[PDB]
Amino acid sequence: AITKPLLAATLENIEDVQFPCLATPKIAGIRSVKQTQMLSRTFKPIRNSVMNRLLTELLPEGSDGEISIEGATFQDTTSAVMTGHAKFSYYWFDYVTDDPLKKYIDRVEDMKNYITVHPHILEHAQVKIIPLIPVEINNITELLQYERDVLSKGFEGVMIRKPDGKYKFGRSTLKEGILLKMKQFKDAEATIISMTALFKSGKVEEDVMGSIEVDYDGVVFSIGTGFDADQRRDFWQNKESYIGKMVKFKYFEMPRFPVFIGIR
């Protein structure tokens, strides 16, 4: 049973991380727990009845996760989930089952096994159930590479958990290291100067952008991650249009691991 969701403490100093740790991507979405029906973080039922019903039928009691409409904006997702009414996803990152004191790695194994018994749940038409199985990170270099990866996939940053952590009915402290949020990359802007192609209906011949070279206050470097296929094609088909455009990107200050965020 769950009395209130598990919340995270903020990781400010990366050197504070107890290393053998389990990481997942920081999702920008609607926190939802399965307890009789789908509940939000305030533990009031999910306003969108179809989402509520669908997920309650699909998920086992004690499920914890995030609802989100894949390529939509946060404000779109918010109104779809939070309005008392399209395809959507549910990143399932925790499963209590019974005993909240059961270690985090173990609850994850419960989720994994449940899926093994019920594979078809990953096959729903409208609802995409995405099991958020953690990555074992061993050092700081691995943590930062992970944030770069995660940011390149469009996530906010990273969520850190100790393997033996319990499901706390409240916010974790930094010392507990049960659940921590990390956004170690810095936001910066750069002007686009040139582009480099990727492959050196029937439109399959056409090439797309592989990387963009940017200025960033005198220091030139390329950004080859952070864009989806759509972006790579658009940037390349109309490259003459983005030259001189300012792009938002992230990187780790001592640029290392640069990642494209957006235009303007």
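Numbers follow the displayed sequence, beginning with 1.
Gap check for residue 254 to residue 255: 4 to 9 deposited residues are absent from the model.
Gap between residue 85 and residue 86: 4 to 9 deposited residues without coordinates. Per-stretch averaging of Cα B factors for 121 to 129 and 178 to 186 places 121 to 129 on top. As listed in the deposited structure, the average C-alpha B-factor of 22 to 30 and of 223 to 231 is greater for 223 to 231. Of the candidates 39, 55, 198, 212, the one whose C-alpha carries the top B factor in the deposited record is 198. Annotation for residue 172: C-alpha temperature factor in the middle third relative to the rest of the modelled chain, per the entry.
Residue-level temperature factors show residue 89 in the middle third of its chain, judged at the C-alpha atom.
In the PDB entry, a CA B factor belonging to the middle third of its chain's modelled residues is recorded for residue 61. In the PDB entry, residue 135 places in the lowest third of its chain by CA B-factor. Looking at the C-alpha B-factors along this chain, the one for residue 193 belongs to the highest third.
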